[PDB]
Amino acid sequence: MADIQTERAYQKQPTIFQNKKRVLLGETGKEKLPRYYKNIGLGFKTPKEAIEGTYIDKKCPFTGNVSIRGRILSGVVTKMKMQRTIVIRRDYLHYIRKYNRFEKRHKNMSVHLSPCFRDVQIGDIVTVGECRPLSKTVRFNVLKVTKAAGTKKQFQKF
Amino acid sequence: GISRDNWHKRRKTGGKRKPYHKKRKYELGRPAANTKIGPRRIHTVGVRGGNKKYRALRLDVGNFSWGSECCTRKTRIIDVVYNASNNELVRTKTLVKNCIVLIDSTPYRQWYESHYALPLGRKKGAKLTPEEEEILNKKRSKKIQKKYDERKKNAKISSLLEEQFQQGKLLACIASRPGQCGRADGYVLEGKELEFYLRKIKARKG
Amino acid sequence: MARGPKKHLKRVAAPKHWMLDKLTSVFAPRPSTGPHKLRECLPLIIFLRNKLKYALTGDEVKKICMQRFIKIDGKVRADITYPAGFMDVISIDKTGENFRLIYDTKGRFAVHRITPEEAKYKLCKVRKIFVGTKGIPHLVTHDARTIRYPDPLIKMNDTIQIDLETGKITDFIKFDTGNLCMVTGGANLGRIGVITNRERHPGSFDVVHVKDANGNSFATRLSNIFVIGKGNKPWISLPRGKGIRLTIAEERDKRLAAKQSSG
Amino acid sequence: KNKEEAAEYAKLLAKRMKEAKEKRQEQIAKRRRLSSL
RNA sequence: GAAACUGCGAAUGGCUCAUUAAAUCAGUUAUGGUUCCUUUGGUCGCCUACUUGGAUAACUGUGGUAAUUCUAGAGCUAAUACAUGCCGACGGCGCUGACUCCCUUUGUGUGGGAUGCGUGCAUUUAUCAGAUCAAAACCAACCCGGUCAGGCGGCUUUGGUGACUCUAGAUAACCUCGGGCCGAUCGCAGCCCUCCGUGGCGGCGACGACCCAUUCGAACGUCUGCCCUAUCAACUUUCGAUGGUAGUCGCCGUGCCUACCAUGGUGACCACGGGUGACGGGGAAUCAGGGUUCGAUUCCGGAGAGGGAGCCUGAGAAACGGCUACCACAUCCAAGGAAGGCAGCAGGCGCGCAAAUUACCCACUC
RNA sequence: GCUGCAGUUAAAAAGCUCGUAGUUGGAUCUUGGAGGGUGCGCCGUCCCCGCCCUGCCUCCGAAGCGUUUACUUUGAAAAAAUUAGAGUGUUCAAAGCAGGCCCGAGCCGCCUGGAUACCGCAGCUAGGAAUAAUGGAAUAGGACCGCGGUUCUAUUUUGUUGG
């Protein structure tokens, strides 16, 4: 959790209003914050964390004001140095006829990562989706965390 | 002049982008209104695609709405108290979106007393006897007491807002973009936001 | 370039299906702004002097038009480069001819005379269906005609019989498995046929498996499919050929057999 | 003219209910049969 | 009907390839991130109304300047230029209401009112709305329908897209104001009046406007593909380098910019740096097959008009057959001044291995 | 010199080994009978196909929906010019996109045209399931209202509305 609100500006979802009010129990009222969410589409389940969560993230595909349209890509997570954003490495095959073997090649792609996803840990394969320019670098948003404790080289548990 | 284009600076690779074409009007951009509080002045600006955008420089009244009330009143904007972006904005008393201002309350008070007939805070007897009392006294027998009776329950109003009423100045957050729109509008703070700003207002103050 | 709208067309960079020659000049007509997209249109000038042979010059095409001789969908059009298109009518009166612009199996606007009725109505494919201003709803057809208050069944991709004097939809056809179809673009441009299947993709791109009256099957993008009535029952004239499509060998077999003997 | 179109359109949508309304009924009644068991 | 004013074009075309090496660009995608003239489709009732104010050109006349696409001064004076502002009306409907009846002291329940006084859209803000599902026992209130012996039951509603804070509706205002909109045109030629002079009506033929969509587009965003080089191996930020967060700015996305706050982002899968007989592609040439090389150049996309930078207008231009400064060049002069940009068509100099008429026409193609 | 080079002595295997990147990687997990194309004079010859001597589940469609891919296969999307390449009497041809007829003109006229193909990749579709990788349960886990105690949330419905 950690107090979100943290900054100096009051974090809130736009046009989702309040009004607490008098009388007893709650008190005001118990949830104290109406929350608005939506499913991205493309059959990406909007994870519970999004609905359950307090966090604000405009950039979030479920909780925020961003639409996912365009290319849907998958990549492996190389970095999770930056707050709320990750870098994924995309391997692809380059074909060279002139004589014919193509050589592995890669590209790194910066992509925003909603706090709804966690355990975003380097090594994880992830499915990101195209989006409106979030930041000068970031074109994408993490839609699904593919996972696996597998890759055994260790034993994951639950 | 000013040039939204990235095509200066450096990419992510870090390589020196080489100059392609000049600075192009399509990329065009501008100086800020830096709108300031006081007797109204506005200027028209030519924007892309025809279309005219108001640049407000100096504003004294805005249209601020009391959300929980569901009512909006036009008041003088007294001053700038808090600004997340930059402090100068506050000290200079410059108007921008997200700026936290103090409006004036009197229009809100006049409406509230009239509609609920319970007067805010615990002001005074002499005041009641004077004007606003006349409204309170009202009557029609009849006319209005029945309405006042119907109301009650809400009418609690929230401690933080009422306390502010005593001052005669209410905290509000500028919703609109004065430099763009030419209107300095906003909503009275409240609930949680009001709690956060009060914490900021006292905390930093001293 | 780079400050404004192009006003010229280098001929050669014009759409093939007008079948303008290579020599002649540098520039093709270039369709005015109008009810049909520039690629997908047939500037009257090409119709009057390139298909119908009424005109020789472009100077003549103009002289014809200023008479008022020619109406498109009923309402005299006086521009040389007016962008007429699919489902348009075109009526030259003091000559008594009604023509409907609808495709070859080549994919070429065909010279297709229609009766003095029929000329009354055209079939438009719904492009969007809209709640406009004040709460009114509207449909938008391919040919850029907006009709308010349509009946609530009508949904994007359905087609719609427009009156024509009056505007006014005077019924409709749903897009459902088994409807007759006209192909309005792409490799299969001009083929007519029933349906069979719409394969659906979220994100983007829906394909329509079509089967012709010869059990010939093919796909195109949903964008390219136009509904024109009920199997064996088109709601308009079809051009000779019933948009069939025949192999270059079949095509040769017909060409030599029908003549140098066979009347 | 616009008023006539709006009024006529409402009739078709409102009148359609009669024929469509029956459709729903063929569900409510059955909703009891399945629950029976 | 010379002209002038007005409106529109002049942002297109034509020309060259210098700059420029993931830049440009090609194929693919996209705008749910936005602007869009025009066409096309829609949208237009609330006591000067039978219609408001007053001035500039063309013109006349008088001139100035060595020389000017210079222009003064004055006297007029046109408008679909300019600044205004209305007949139109129509209301029941909202809040207020002299009040009054019935079943019950006070009250409580059920009721209904003569007369007063925000309502067209646009924009901005705030709020609501934008309805998804199956059954029962009791208590407090009260609607109808069939009733006698307090006693039996029961119903009505919300547009679309895979996903929007989408469209649309309701409430409170706001003004972006004089500075949103709702319109202050022509030339040629028989009607009728619950009734008498009026007001209502009739032929031929001569652009604006608000808002929405459309069309031609535009501006950005996706990937995937580029020459040589390591005698270029670490690079990028205190003059933002990568990210958070909020604002200002822009047509709009975005470190665009700025504050604060993090310390990032990239590299042997060649980054960074440098070079270049590099504009990029469709294409071209050489033909076993594989390949090998070129592409400035009749099309597409991009770029520039002596070099650099800035700007006005307008929907669209960072325009040079616009302007403006400097910088480099050149020209006229009565020496104070003043006027200019052939990588447009011809032509000419210089350059070189190398490249045409100082010609005719808008008839074709547009 | 991919296809398709040479390196003992001709120009050319580092003095030798370790070694990261890169490249490269063992075996092993499903087993005649007729339909349609073109030759030869009612007969047959020679391909191609489902067969004989293999998506689950949800509970025909729909939907659930994919273990990841690469690959390959079938579609769409794929500028014109160009190029390969059909139809076409520029007299021939390069070209060009025409033309050829009915007709002796009273025909107050007919009509065929101006194909198609290629189009890298990447992306989009789709079928295959070999090949190459890839998925887990052995410090036990997944399945099936197998069953329960604990707690939460959403709206049908006791006419209506509140507890």
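Our compactness index for the range B:104-206, the C-alpha radius of gyration over the empirical 2.2 N^0.38 Å, is 1.30. Quick one: Cα centre-to-centre distance for the range C:25-103 and the range B:63-87, in angstrom? Cα centres, the range C:25-103 to the range B:63-87: 61 Å.
What is the calculated FRET efficiency for residue B:61 to residue C:33, with r their C-beta to C-beta distance and R₀ = 60 Å, to the nearest 0.05? Can you show the working numbers first?
Working: r = 46 Å, r/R0 = 0.76.
Efficiency for this residue pair is about 0.85.
Can you give the net charge of the other residues whose Cβ lies under 13 Å from the Cβ of residue C:140, counting K and R as +1 and D and E as -1? Before the final figure, lay out each step's value.
Working: positive: C:125, C:127, C:128, C:145, C:148, C:155; negative: C:143, C:158.
Residues close to residue C:140 contribute a combined charge of +4.
If the only charges are +1 at each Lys and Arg Cβ and -1 at each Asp and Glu Cβ, what is the size of the charge dipole of the range A:2-152 around the Cα centre, to the nearest 20 debye?
My answer is approximately 600 debye.
Average partner chain C-beta neighbours within 10 Å, per residue of A:9-20?
Details: counts 9, 12, 2, 3, 0, 0, 0, 0, 5, 6, 8, 5.
Per residue, the average neighbour count from other chains is 4.
Positive contributions from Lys and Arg (+1) and negative ones from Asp and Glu (-1), summed over other residues with Cβ under 13 Å from the Cβ of residue A:95, come out at +4.
With the simple spin-label model, which puts each label point 7 Å out from Cα in the Cβ direction, the residue C:128 to residue C:40 separation comes to 1.4 nm. In chain B, the calculated helix contribution to ellipticity at 222 nm averages -7500 deg cm²/dmol per residue, counting -39,500 (n - 2.57) for every DSSP H run with n ≥ 4. Would you please give the FRET efficiency between residue B:203 and residue C:242, computed as 1/(1 + (r/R0)^6) with r the Cβ-Cβ distance and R0 = 60 Å, to the nearest 0.05? Rounded to the nearest 0.05, the efficiency is 0.15.
The protection proxy used here, the mean number of other Cβ atoms lying within 10 Å of each residue, ranks peptides B:35-41, C:4-10 as follows, highest first: B:35-41, C:4-10. Peptides C:74-82, A:20-28 ranked from most to least packed by the mean count of surrounding Cβ atoms within 10 Å: C:74-82, A:20-28. The Cα atoms of the protein assembly as shown define a convex hull whose projected area, averaged across directions, is 52.2 nm². When the Cα positions of C:175, C:209, C:189 are compared along the charge dipole of the range C:175-245, C:189 comes out farthest toward the positive end, with charges on each C-beta of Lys, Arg, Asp and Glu.
Given +1 at the Cβ of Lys and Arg, -1 at the Cβ of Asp and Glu and no other charges, the dipole of the range B:73-156 around its Cα centre is 520 debye to the nearest 20.
Taking the average, over residues, of other Cβ atoms within 10 Å as the packing measure, peptides B:88-94, B:22-28, C:175-181 rank C:175-181, B:88-94, B:22-28 from highest down. The residue list A:68, A:13, A:56 was ranked by how far each Cα lies along the charge dipole of chain A toward its positive end, using unit charges on Cβ atoms, and A:68 comes out on top.
For residue C:120, the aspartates and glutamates whose Cα comes closer than 17 Å to its Cα, not counting residues fewer than 8 places off in the same chain, are C:73, C:88, C:93, C:97, C:143, C:163, C:165, C:171.
The modelled label-to-label distance for the pair residue A:100/residue C:262, using points 7 Å beyond Cα in the direction of Cβ, is 4.5 nm.
For the residues of D:3-12, the average number of beta carbons from a partner chain within 10 Å of their own beta carbon is 3. Relative to the longest principal axis of the Cα atoms of chain B, the long axis of helix B:106-116 lies at roughly 40 degrees.
Near residue B:177, once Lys and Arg are set to +1 and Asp and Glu to -1 for all other residues with Cβ below 9 Å from its Cβ, the sum equals +2. Per-residue shielding of A:67-76, expressed as the average number of other chain Cβ atoms within 10 Å of the residue Cβ, stands at 1.
Kindly provide the helix-only [θ] at 222 nm of chain C, computed as the sum of -39,500 (n - 2.57) over DSSP H runs of four or more divided by all residues, to the nearest 500 deg cm²/dmol? Spell out each step's value before the answer.
On the way: 2 runs with 21 residues, N = 263.
Calculated mean residue ellipticity at 222 nm is -2500 deg cm²/dmol.
Taking 25 Å as the straight-line reach from the Cα of residue B:22, the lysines in range (excluding those fewer than 8 positions away in the same chain) are A:136, B:9, B:12, C:6. Distance between the C-alpha centres of the range A:1-71 and the range B:88-132: 31 Å, rounded to the whole angstrom.
Would you please classify the overall shape of the range C:122-172 from the alpha carbon gyration tensor, given that a ≥ b ≥ c denote the square roots of the eigenvalues, rounded means a/c under 1.5, and beyond that prolate means a/b larger than b/c while oblate covers the rest? It is prolate, given that a/c is not under 1.5 and a/b is the larger ratio.
Tell me the mean residue ellipticity at 222 nm calculated for chain A from its helices only (DSSP H runs of n ≥ 4, each -39500 (n - 2.57), averaged over every residue, nearest 500). Show your work: numbers first, answer last.
Values: 1 runs with 5 residues, N = 158.
The helix-only estimate for chain A comes to -500 deg cm²/dmol at 222 nm.
Which one of C:20, C:103, C:260 has its Cα pushed farthest toward the positive end of the charge dipole of chain C, where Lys and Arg give +1 and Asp and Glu give -1 at the Cβ? Most positive-ward Cα: C:20. Figure legend: label point modelled 7 angstrom from the Cα of residue B:166 along Cα→Cβ; residues of the range B:131-157 with amide N under 17 Å from it are B:157. Under the convention that each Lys and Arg Cβ holds +1 and each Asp and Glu Cβ holds -1, the size of the dipole of chain B around its Cα centre is about 1520 debye.
Going through the cross-link list A:38/C:125; A:58/B:74; A:21/B:147, which pairs have a Cα-Cα distance over 23 Å in this structure?
Numbers: A:38/C:125 33 Å; A:58/B:74 31 Å; A:21/B:147 20 Å.
Those over the limit are A:38/C:125; A:58/B:74.
In summary, the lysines within cross-link reach of residue B:127, defined as a Cα separation below 22 angstrom excluding same-chain residues under 8 places away, comprise B:138, B:139, B:156, B:169.
The modelled label-to-label distance for the pair residue A:9/residue B:8, using points 7 Å beyond Cα in the direction of Cβ, is 2.5 nm.
Quick note: the coordinates plus some simple rules give every number you see, no bench work behind them. When we count neighbours, we look across all protein chains shown, and the Cβ atoms used for this are built from the backbone with ideal geometry, even at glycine.
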